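Structure record follows, encoded as structure tokens.
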Amino acid sequence: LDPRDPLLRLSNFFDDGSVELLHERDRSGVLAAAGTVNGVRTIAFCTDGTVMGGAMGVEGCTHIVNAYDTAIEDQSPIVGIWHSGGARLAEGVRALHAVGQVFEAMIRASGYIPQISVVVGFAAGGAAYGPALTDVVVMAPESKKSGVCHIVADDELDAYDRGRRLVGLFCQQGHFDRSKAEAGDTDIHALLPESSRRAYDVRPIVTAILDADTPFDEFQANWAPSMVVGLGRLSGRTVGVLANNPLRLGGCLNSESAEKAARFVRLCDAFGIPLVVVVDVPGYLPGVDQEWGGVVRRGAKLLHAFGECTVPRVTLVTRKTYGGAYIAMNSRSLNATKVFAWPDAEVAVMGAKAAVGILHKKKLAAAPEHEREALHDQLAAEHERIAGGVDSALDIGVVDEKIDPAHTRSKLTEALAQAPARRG
Amino acid sequence: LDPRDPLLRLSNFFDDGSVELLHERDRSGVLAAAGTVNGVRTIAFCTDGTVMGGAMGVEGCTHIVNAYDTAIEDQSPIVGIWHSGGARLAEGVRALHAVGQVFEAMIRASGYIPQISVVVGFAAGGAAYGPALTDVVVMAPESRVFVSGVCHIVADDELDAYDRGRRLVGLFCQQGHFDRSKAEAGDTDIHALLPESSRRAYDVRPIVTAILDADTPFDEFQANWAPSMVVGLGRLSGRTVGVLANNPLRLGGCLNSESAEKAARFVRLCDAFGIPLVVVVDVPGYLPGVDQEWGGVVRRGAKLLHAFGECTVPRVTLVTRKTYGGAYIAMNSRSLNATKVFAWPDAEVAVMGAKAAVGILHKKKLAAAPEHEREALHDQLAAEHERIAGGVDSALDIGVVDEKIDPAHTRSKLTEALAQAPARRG
Ligand SMILES: CC1(C)CC(=O)C(c2ccc(Oc3nc4ccc(Cl)cc4s3)cc2)=C(O)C1
Ligand SMILES: CC1(C)CC(=O)C(c2ccc(Oc3nc4ccc(Cl)cc4s3)cc2)=C(O)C1
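Quick mapping for you: the protein sequence lines, in order, are chains B and A. With PDB author numbering applied, the first sequence covers 13 to 155, 186 to 466. With PDB author numbering applied, the second sequence covers 13 to 159, 188 to 466.
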């Protein structure tokens, strides 16, 4: 049997023996079926790469729309398996229109049922935009378009595995389990470098927070790498993680990372998935020709996403959080559910010696040049006695509690469990 | 620093004699007031450029938040006049937090009351992000916003900035009603504004202004950003409408990353405030970035599908010359539940131009033809292909065009469709 065969591909994706076709098999270029994924009733459709390379026509598009209507009616997740050059040119405008009706069904489903895309072959034209309307896109390598793909699998079978796990993440979200959170506690601070001025990969921190046995399904790892986002489980419960990555661009927010974070916040908010926000950000960067327009418009989008978000969202400041980027990374002013800080964390407008160079610029400029640097360091040292540090932030009220890093998991879980499912 | 005085700036913006302070003056760096704009009750606040460069502190940010809370309770438009270097560094984290609370209030108001920003001087730091959270940003030339597309409207000077800000309050809050008599009195032969050759480029803006009322400004948004797409507010027989139109003068009128984003953002803004849409379509395809990066047009194009697909205000489409392929679907097509789709009699609706199409469908037959005959053969196949496909008659049979119209009735045909539509759904 040809590897591209759509029944074979659906049967690989679904639970063995669960497949039930929604229509008679035909030459339309699409096969749609009901099935189960680890017990969850799921709808899926597959483009038929053996017929016209999978090109989309009126009758195949109608099968996809019918499957979307079936899935919306029963509130089931819907998975598309994509292998297709686009609309059938020979069918003309009728095919364009039917492709648009596929788009309109995905839009009607948006935020209502989870939509997973598994791209296992070449996907072009209308078949590139279809997956782009869904919530998570898994790409097998055998299938520039930066940002569009969320997860790169190893091969086709591995792509179905990741797709199946995503169905579980969205449809078997579970409950937080305080006792499982405690059993997984470790000293996560031990993963930071000894010098607070050295850069590190944030991913080990993220996996130490998340459940030891569950994978971290990172989204868009190679796009906007100063920001890490993805799905995992915290004490058995599906959570979303966003974390500045000091390893790239100093961990700074820029236009792409703000957009990556905002899109992920909106996805999690839409499906009731709470957020853990691991903050270690020193500032924000401009474009390339130094145009601030992108980070301003995309940064505003990030502000908008957190401000409107109603799922529980808890912030953990590990080391630094400065300036405008501090506000954007789920701050109390944007109604963060709770803000935690590790003991050595600094919450400030900017570095002390940068801040002193502005606040005392005239005094410093009026001092003899041979004794200016010694006065700058003295005023900086006095500035840190008052500004920064957790207790200043605690007194202000922008941090709710300083926590022992050995209790990060149970503190985060406790805060997420106490919040309502909605409002913030 | 008298000319930057907040009470005077507020008074120059509001109707003469309507200003009523919402708190007593101080040196917080913000003055907030209630007023009227051509009669409409309006809330406004002015950063005080005469106090510490307008730098934002806890006290001033608190006046702004109370101004927003007042405007939200009364469902009044709220106008910010911006001249500020950012948060007061000496207040430390407390000022950051208060600036954040200003952001949070703008977010609560989002889509609920119109928010207009008039940037009359420098606006930097948090005072750059404030305007970016609002619906329309008017910028006076003696000004800059720093820390494109952020600025919607560029005025001639500070006073012009207030005039344009005042007109925007009118467009959002005195939307009016459609008037069949005034629509027909304004009918002209819009098609005559096209070139004679269907291959020549042209500025779409005279077509737009000929649809809109002759006595009323077309307030184009972001004219110098994503120039293949034109968007803005004007009036159609007195009724506020939003316009989207591919501009063939730039990039052949193609869609691309930033034109998709320009269009999507503008669609969601009109839809939020009940403003019907006119979509003037003449689009031959879509484009990647110069690096051949498609991820922008895919991501932003999907967001434009979403914006039209979810849109519930009346939205009517006019095909002037041509609309092709995926760009066809995205430009308020029947498949995204456009209210009504109109076409001029010679318009083309097709997957692609006929020559391109038969060049693919009959690649082998053309490659086999003798070089000096492979062209006459191409034109023969292309004319056979457009006998059966691409015309308005065929689009009417299919059902993706609702009506072929006389271009001399464009303006009154669009008005009729928008006026008789449900205010919500589609
Ligand atoms: C022979 C073809 C390549 C012709 C053709 O054009 C398509 C096609 C159909 C639907 C598409 O879907 C969207 N295209 C855009 C473009 C811009 C924006 Cl802003 C949004 C969207 S959505 C995209 C391509 C085909 O499949 C076959
Ligand atoms: C001297 C200053 C205190 C002046 C000042 O006011 C600010 C400032 C304050 C708030 C800001 O607001 C936002 N910044 C970002 C960045 C990224 C993203 Cl994604 C979203 C947002 S929102 C921006 C700058 C400073 O840093 C230094």
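All residues carry an ideal CB built from backbone N, CA and C; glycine is no exception.
Judged by their CB atoms, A448 of chain A and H231 of chain A are nearer to each other than the 9 Å cut-off.
With its beta carbon at least 9 Å from every one in chain B, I90 of chain A lies outside the interface. Assignment of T256 of chain A by DSSP, reduced to helix, strand and coil, places it in the coil class.
Beta-bridge partners of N286 of chain A (DSSP): A:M269.
For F115 of chain B, the neighbours in chain A by C-beta distance under 8 Å run, in chain order, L345, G349, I369, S375 and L376.
In this structure, DSSP gives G92 of chain B an extended state, which the three-state scheme calls strand.
Under the Cβ criterion of 9 Å, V440 of chain A is counted among the residues facing chain B. DSSP places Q214 of chain A outside any alpha helix (DSSP H), giving it a letter other than H or E. Under the three-state reduction of DSSP output, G47 of chain A falls in the strand class. Listed as beta-bridge partners of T59 of chain A by DSSP are A:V42.
Taking 3 residues as the minimum length, the beta strand (DSSP E) runs contained wholly in the segment 337-390 of chain A are 355-364, 380-383 and 388-390, in order along the chain. Remark: the C-beta of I400 of chain B is in contact range of ligand 2, defined as less than 8 Å to any heavy atom.
According to the DSSP secondary-structure assignment, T280 of chain B is paired through a beta bridge with B:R275. Only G137, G138, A140, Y141, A144 and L145 from the segment 132-156 of chain A bring a Cβ to less than 8 Å from some Cβ of chain B. Annotation: Cβ neighbours of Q332 of chain A in chain B (cutoff 8 Å, chain order): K186.
In this chain, the alpha helix (DSSP H) harbouring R308 of chain A covers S297 to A312. Rounded to the nearest whole angstrom, the CA to CA distance from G365 of chain B to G137 of chain A is 9 Å. The nearest non-hydrogen atom of ligand 1 is 8 Å or more from the C-beta of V149 of chain B. In the three-state reduction of the DSSP assignment, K222 of chain A falls in the helix class. Look at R340 of chain A: its beta carbon is less than 8 Å from one of the heavy atoms in ligand 1. Taking a beta-carbon distance threshold of 9 Å, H449 of chain A does not count as an interface residue toward chain B. Taking C-beta separations shorter than 7 Å and ignoring five residues to either side along the sequence, the partners of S40 of chain B in its chain run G69, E71, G72 and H75, following chain order. Interface with chain A (9 Å Cβ-Cβ cutoff): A225 of chain B is excluded. Closest in alpha carbon position to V389 of chain B, among B:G399, B:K403, B:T379 and B:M371, is B:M371. In this structure, the beta-carbon distance from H95 of chain A to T59 of chain A falls below 9 Å. For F158 of chain A, the uninterrupted beta strand (DSSP E) run begins and ends at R156 to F158, by DSSP. Here the distance from the Cβ of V42 of chain B to the nearest heavy atom of ligand 1 is not below 8 Å.
Straight across, the Cα-Cα distance linking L317 of chain B with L291 of chain B is about 23 Å. For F115 of chain B, the Cβ falls inside the 8 Å cut-off from some heavy atom of ligand 1. Secondary structure of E415 of chain A (DSSP, three-state): coil. For the pair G278 of chain A and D197 of chain A, the CB atoms are not nearer than the 9 Å cut-off. For the segment 384-399 of chain A, residues whose beta-carbon sits nearer than 9 Å to a beta-carbon of chain B comprise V389, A390, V391, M392 and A397. According to the DSSP assignment, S129 of chain A belongs to the beta strand (DSSP E) that extends over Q127 to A136. DSSP, read as helix, strand or coil, puts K444 of chain B in strand. In the three-state reduction of the DSSP assignment, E32 of chain B falls in the strand class.
Look at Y242 of chain B here: in three-state DSSP terms it is coil, with no helix or strand label.
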